[PDB]
Amino acid sequence: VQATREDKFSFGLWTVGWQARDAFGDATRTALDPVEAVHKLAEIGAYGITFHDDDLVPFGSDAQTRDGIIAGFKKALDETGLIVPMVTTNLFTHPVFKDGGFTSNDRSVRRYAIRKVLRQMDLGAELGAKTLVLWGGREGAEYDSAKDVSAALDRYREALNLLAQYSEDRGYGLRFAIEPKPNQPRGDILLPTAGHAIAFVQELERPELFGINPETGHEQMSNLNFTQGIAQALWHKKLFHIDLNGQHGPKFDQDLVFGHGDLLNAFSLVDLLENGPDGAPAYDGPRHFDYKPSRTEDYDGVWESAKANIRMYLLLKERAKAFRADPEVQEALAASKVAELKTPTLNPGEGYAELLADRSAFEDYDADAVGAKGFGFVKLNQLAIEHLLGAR
Amino acid sequence: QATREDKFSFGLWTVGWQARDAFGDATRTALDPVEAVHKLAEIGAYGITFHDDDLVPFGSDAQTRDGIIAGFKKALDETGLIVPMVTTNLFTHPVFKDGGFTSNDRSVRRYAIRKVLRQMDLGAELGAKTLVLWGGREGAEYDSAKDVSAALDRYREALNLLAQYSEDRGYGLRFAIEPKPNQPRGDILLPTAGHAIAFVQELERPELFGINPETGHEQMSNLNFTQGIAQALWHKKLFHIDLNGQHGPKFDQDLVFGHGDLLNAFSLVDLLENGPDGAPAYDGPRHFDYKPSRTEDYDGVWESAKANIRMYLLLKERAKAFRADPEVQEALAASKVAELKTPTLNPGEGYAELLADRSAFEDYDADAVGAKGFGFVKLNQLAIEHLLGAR
Amino acid sequence: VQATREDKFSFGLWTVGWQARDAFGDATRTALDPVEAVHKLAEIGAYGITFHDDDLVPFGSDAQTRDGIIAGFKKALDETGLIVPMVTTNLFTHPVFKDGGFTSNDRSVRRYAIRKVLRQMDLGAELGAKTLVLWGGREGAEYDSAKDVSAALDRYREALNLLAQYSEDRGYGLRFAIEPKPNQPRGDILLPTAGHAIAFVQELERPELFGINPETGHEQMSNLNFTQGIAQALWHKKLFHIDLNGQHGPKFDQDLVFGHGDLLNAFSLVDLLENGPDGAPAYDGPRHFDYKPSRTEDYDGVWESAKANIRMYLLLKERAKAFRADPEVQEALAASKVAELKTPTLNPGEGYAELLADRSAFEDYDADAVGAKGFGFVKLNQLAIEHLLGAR
Amino acid sequence: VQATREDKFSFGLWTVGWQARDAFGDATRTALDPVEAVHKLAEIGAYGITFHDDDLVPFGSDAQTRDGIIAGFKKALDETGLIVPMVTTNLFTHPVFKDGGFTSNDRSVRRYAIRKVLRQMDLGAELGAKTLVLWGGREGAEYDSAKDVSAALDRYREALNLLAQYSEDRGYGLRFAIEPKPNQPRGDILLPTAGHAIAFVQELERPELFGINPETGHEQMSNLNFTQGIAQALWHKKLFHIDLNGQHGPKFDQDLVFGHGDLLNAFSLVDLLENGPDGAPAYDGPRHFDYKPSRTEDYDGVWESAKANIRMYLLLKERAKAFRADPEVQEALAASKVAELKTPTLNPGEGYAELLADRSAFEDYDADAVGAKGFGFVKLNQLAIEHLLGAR
Ligand SMILES: O=C[C@H](O)[C@@H](O)[C@H](O)CO
Ligand SMILES: O=C[C@H](O)[C@@H](O)[C@H](O)CO
Ligand SMILES: O=C[C@H](O)[C@@H](O)[C@H](O)CO
Ligand SMILES: O=C[C@H](O)[C@@H](O)[C@H](O)CO
Ligand SMILES: [Mn+2]
Ligand SMILES: [Mn+2]
Ligand SMILES: [Mn+2]
Ligand SMILES: [Mn+2]
Ligand SMILES: [Mn+2]
Ligand SMILES: [Mn+2]
Ligand SMILES: [Mn+2]
Ligand SMILES: [Mn+2]
């Protein structure tokens, strides 16, 4: 029922700190003090906090101010025992970034965007952060003829290669996590899905330092299966971090509490992350909530919502465990042949010639007869939902 | 008018679709393959493609199979049509209800491979250069039913074998994985162009693998087709392309190319044809994977075949005119489209030189730059006016 | 729990009888005998069975054949005690209906469509059906210029008025329910959402005999809130029947078991239907499942899936009940001011003159103070989900 | 071509005046002076201007200021010859409306919301406006249990009835147009489509005074066919006004220039509005553009975008007329039987009795022969498109 530091729950300062100024209205909440955020999160059970440079230090603060703020923040982490597992840079808010940071058509903007990141990398290293998340929110376009995608990908790579060079030379040991999003705020953003982000990373100079930071709602904005995408990310060993939240399909980015959107997929996701090979989780990084307390809430509503994320995750974990431990489930899994997918299609040392000589794989194969046996998938699915519902 | 240099190809199953849908009986009778070859030759197609089962009915004995192939070859011969690509039906028969290569049942997986090997031999025999693989039954309706990790291992296992075989026999085939987000399965493995490219990078001979993206498949997720093709070209993995029309996220419509998202059909033709030199950015077949609407008879079928070609040639013409317009050149200059091609760093500059440049940060006036407009709407308006023949 | 006839669970013969021939493949199951379907349904607790004319009597059966089928059917009904609460007509399968039934551009098709329905109304009336469901699956277009919508709505209305007339005159006492669907099989279908159907119904000669038959996946295909659209249908008093199933947002029509798609919306739907005003349900017609056993299943999976629909409804019902009887939930509802929406805005006898005179409604209204109070919506949503999860 | 006042192109002050502060970044343009707006629009060809109360007069302006602004505003109109065809009220920006205006759970907010509109009605009547647009952007919910939809529709109706009462008694002669939108800013907005809005309006006390104001993007946000919904709206006679813009399916509300989103559907929409019966337009109200100049643009891009809206409409208009006048199209329309849909299904004086007596409509009908003939829809669509491309 209660969270432990071993759970690795983290929250972005920009989450609980969201003032609720949306596209159609003014802020409904006052600004949250970074120091206070540190104490309340520590208090609800979080193990770490994350932030955008501009979330902690107001864009344009002098070094005197900047330094003061960092010192205070640092104290709070100290007193509470919270760590900073990841940091990110704001390359989307200021008007200069209206056509992107790393991929702006304007060369000067591109030089400036890199500088802004190098700086944040420095603070990150000083606070002990291990991951740099890159969300290229303005990289993309509203009109096709406005952006040369090829040139854009060259420029994205150019910037990223420099960042790895630097981290490596300074010995920061950072890992870089590219965050995919299909749209909002640009009409279409470059690297729209977890798949596009993985393919791209494979083309960098030191690909081993790069992975992705997929977000629940981002994949759901395209009506994709989040769990299946994570599974693919895991297969590639590129799941460097993860943003959990809720969404209701293809519409604006809702950023609801984790599990308040597609509940069934929230369940299969916890099951995937926690019931890894041999008991152990399949994923070891932070369970980071990138969500927003609804505009209708006050600070009470804010802390409630922060705890709801933790709660949802632990209730789901609990049922995922019980689902897998149930002998009846175990029996249905067997009947559906789920584990049979783990056995190689080919026998040991078997190649094309041995397979071509096997009459049982074609010539004497009774396709009609195998075609008629059911897989028992509805029943396995029903057992999963009953565990989810606390009915089994 | 189409020329063989335009490289328009059609699948046997497009004009031959009987229009039996999820809710109704077929409204057209079967199309004869020899007949299809002659009719397509006539409308300007340079090539024809087919799934094994479109040409040779599932379960035909060798004599029968052999007869059909011989007739087909003769038709090819007489018309001068080629077979640029072949594919395998791993989705129709009940045995494939949970997948071909990734079925939970090991025996189906083994059978799926034998079915493809056989089609590879025929493709090789017909001179095909590309093997398209559409894993339409690979995926699931429920998350607990499919171990995705094991599924990718098995998908990989099967493809490495296919490459081994092609390479040992000297077939020279290229393999193009075709992504689709859903339908017939709730969720299909390798759902977008991105997922398929990322996957291909993990096979044993990656240089032999690429993708076969379909306009409608990316649009079913509301993705920018042109933008995904641009990324595929950047990775150099555009091995083939399936063109058609779609109206956003709904069942797969397979309309004629350009009958769904017209603006994106226009930017797509511009991308493929107004390539690097002056030359096309893509040199493969312009394959139409579409379906003549169920409301049409055979006159409708041939009309729809021609409409695909017409749409492409009309778009190509306006794409060319768009690029040659001085007013467009001017707008491209104001929007700094070309400035994106200049490296961010000066030659020989690294992080140490960038950090020493006070003008890239310390003395950079972001406020001032942030106020200048890119003039992107205006550029967009000139493009649309070229499309409408308004200029 | 166990279903009782009071639960009024019904299934279409075409649900458990779907042979699983989809758009990309052959049938994976053999045909189900109607009599056998009656027996099996009765055995799992269904109270009724429904059917399309063509599901029971093969298209073009001679009168002797048709009569034979009907008689055997009636005996099964008799023997099992199942009823036929609704009947429907297939105006979509045969090639003649490729451009629609009532709205085909071809006049002779429109005339035939009406006669096919009149014939089904007769059989409906003889079996005791009270509702005739109309699903115009082929009414629409793939291209905008191919169909005059205004003319199409005129012809639709022309056919429906005749049907009401005939029924009225024969004393059949049928109620008509138009079933909306956005697309599939046509690119765009006329009367795409529950809203469009209701607005249409209001224009017929006798609106009182007309309502809608909304389906969970159909509204979800447009990514609309099914519960909220049902709430509006109930407000209008036009919910004549309902089709329950599962869907995963905008994609082909999945027709999964009820609750296997958007679980959270399924939960709020059961709450709305059963926890109606004054203790009792807000809706009393059949709880009809218009779903399809997945193509991967055999006849065992088919009955499993039929039972899963009922189980799903009963489990959510139980949790909806517990939700509302929870003093904490009640306390959250009061804090969120849900019930306060039920109090008129105007005081009894107050008009604009009086409203205009109330300085507390404007001149002395402190918008800023009210604007800062939180509604507690997240917390209320969390308690709801904790009930569904059986965590409370 | 060139716009004339007879084209009736109108624009909201908030359109060209949008400063470009989005959900993720700061404003990229300075504020637009209303008088300048009047002058600039007059210059590009607009015949009228519209606005929300708060667009013109800053929220919380003293009487003198308010009065001051209006007077200058009227001079500019005077000087330029522009009119104010429609007025609307902002019930979505201020924090007090976070849960809605008319249907806020909070009764005091509902009363305030009504007062705010009454005042705008007065200003509207004074400026000569004919239509009051009502966009309930905050009416809806993020969570199902937080909003009683039935009570919300009662409260919505209660507010609308009062407004009609007031206008009629003051002799303002306004018509009311409800604007549907599926989501954004609420997770789900009440009256999500043109359909639901029409159904609702039919339940008001003086339904003849209420219609709808559908927006292209709003219907496309749910992937619906805008042209077909407008055709239904015209069938019902409820198209009181229309908002024209562009959108790229189900995603955040883009508000692109008209015809910059779904070009094919913008084409068919212009054809429907202009190639009306008796040669004349089927719609005679304002052609209002509710769009936003992209965030990447400056004031020059702003006027460019304003003009693009007009050029798009006139270029499309020009091609719709050519299309209809083409003999080959006339031949295709005939083969597709588009016009045969206009001839009643029944012969004059025929009812069910005579239809039942017609063996040719059923007993002797050859469904198979009819089912084999094609409609030539593809050819007809190809011709429409070639006209759109200026290829014919
Ligand atoms: O859509 C917003 C993104 O999810 C953002 O919060 C990042 O993760 C950090 O820049
Ligand atoms: O959705 C169907 C696929 O597009 C298929 O036709 C492949 O391209 C070849 O099997
Ligand atoms: O999508 C098909 C429809 O839902 C159908 O089953 C109707 O409910 C009755 O013809
Ligand atoms: O999405 C915003 C609405 O379209 C708004 O502009 C209304 O039309 C006027 O309140
Ligand atoms: Mn997000
Ligand atoms: Mn994120
Ligand atoms: Mn397709
Ligand atoms: Mn294809
Ligand atoms: Mn359905
Ligand atoms: Mn149904
Ligand atoms: Mn809008
Ligand atoms: Mn609007």
Side-chain angles (χ1 to χ4, degrees), chain A residues 11-15 17-18 50-55 86-93 101 120 131-138 177-186 189 212-219 221 241-245 247 252-255 288-292, chain B residues 22-24 251, chain C residues 11-15 17-18 50-55 86-93 101 120 131-138 177-186 189 212-219 221 241-245 247 252-255 288-292, chain D residues 23-25 252:
Chain A
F11 293 76
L13 175 62
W14 66 92
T15 74
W18 190 57
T50 74
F51 63 97
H52 291 92
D53 52 349
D54 306 337
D55 305 317
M86 171 279 276
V87 293
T88 188
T89 323
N90 185 322
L91 300 179
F92 54 86
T93 301
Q120 178 72 344
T131 305
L132 176 78
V133 153
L134 299 127
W135 173 59
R138 298 282 174 190
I178 304 318
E179 186 159 349
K181 190 195 210 175
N183 62 250
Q184 193 175 62
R186 304 306 303 272
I189 290 178
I212 63 156
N213 178 47
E215 188 162 298
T216 311
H218 295 184
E219 305 301 296
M221 279 165 79
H241 193 265
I242 195 171
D243 280 355
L244 301 173
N245 67 3
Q247 162 81 20
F252 64 102
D253 181 29
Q254 293 199 270
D255 282 340
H288 184 253
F289 301 104
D290 174 6
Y291 91 107
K292 283 171 174 44
Chain B
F23 299 80
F251 68 102
Chain C
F11 291 84
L13 182 55
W14 70 89
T15 73
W18 182 62
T50 67
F51 61 95
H52 295 83
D53 45 353
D54 303 339
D55 301 329
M86 177 279 268
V87 299
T88 190
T89 323
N90 185 320
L91 300 184
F92 45 89
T93 297
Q120 180 67 345
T131 312
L132 176 84
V133 157
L134 296 129
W135 173 57
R138 297 285 174 191
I178 301 339
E179 183 161 350
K181 195 177 194 182
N183 65 242
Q184 177 167 64
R186 305 311 299 273
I189 293 174
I212 60 161
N213 182 39
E215 177 169 300
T216 318
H218 296 180
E219 300 295 297
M221 285 167 70
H241 187 274
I242 193 155
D243 281 358
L244 305 164
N245 66 7
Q247 171 68 29
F252 67 104
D253 191 2
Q254 299 199 259
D255 285 347
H288 186 246
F289 302 108
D290 184 7
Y291 92 109
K292 281 170 169 54
Chain D
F24 283 103
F252 71 99

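Order of appearance sets the numbers: ligands from 1, and atoms from 1 within every ligand. All chains are named by letter (A, B, ...) in the order of the sequence lines, taking the proteins before the strands, and each is independently numbered beginning at 1.
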> For A:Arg138 and A:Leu91: C-alpha separation, side-chain torsions, deciding distance, then whether side-chain contact (heavy atoms from CB on, under 4.5 Å) applies.
CA-CA 8 Å; A:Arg138 298 282 174 190; A:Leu91 300 179; over 6 Å; no

> Indicate the atoms forming the closest heavy-atom contact of C:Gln184 with C:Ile189, along with that distance.
O-CD1, 3.6 Å

> Tell me yes or no: between the side chains of A:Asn213 and A:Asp243, is some donor less than 3.5 Å from an acceptor?
yes

> Looking at every non-hydrogen atom in both residues, tell me the closest pair between A:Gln247 and A:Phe252 and how far apart they are.
NE2-O, 3.0 Å

> About how large, to 10 degrees, is the angle OD2 of A:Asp290, then the Mn ion (ligand 6), then OE2 of A:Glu179?
170°

> In the structure I gave you, are the side-chain heavy atoms of C:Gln120 and C:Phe51 within less than 4.5 Å of one another anywhere?
yes

> To the nearest 10 degrees, calculate the angle at the Mn ion (ligand 6) involving OD2 of A:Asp243 and OE1 of A:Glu215.
100°

> Between A:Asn245 and A:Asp290, is any side-chain donor less than 3.5 angstrom from a side-chain acceptor?
no

> Please state whether the rings of C:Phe92 and B:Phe23 are parallel, tilted or perpendicular, taking 30° and 60° as the class boundaries.
perpendicular

> Got the residues with a heavy atom under 4.0 Å of ligand 3, by chain and number?
B:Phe23, C:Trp14, C:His52, C:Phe92, C:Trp135, C:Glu179, C:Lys181, C:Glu215, C:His218, C:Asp243, C:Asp253, C:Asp290

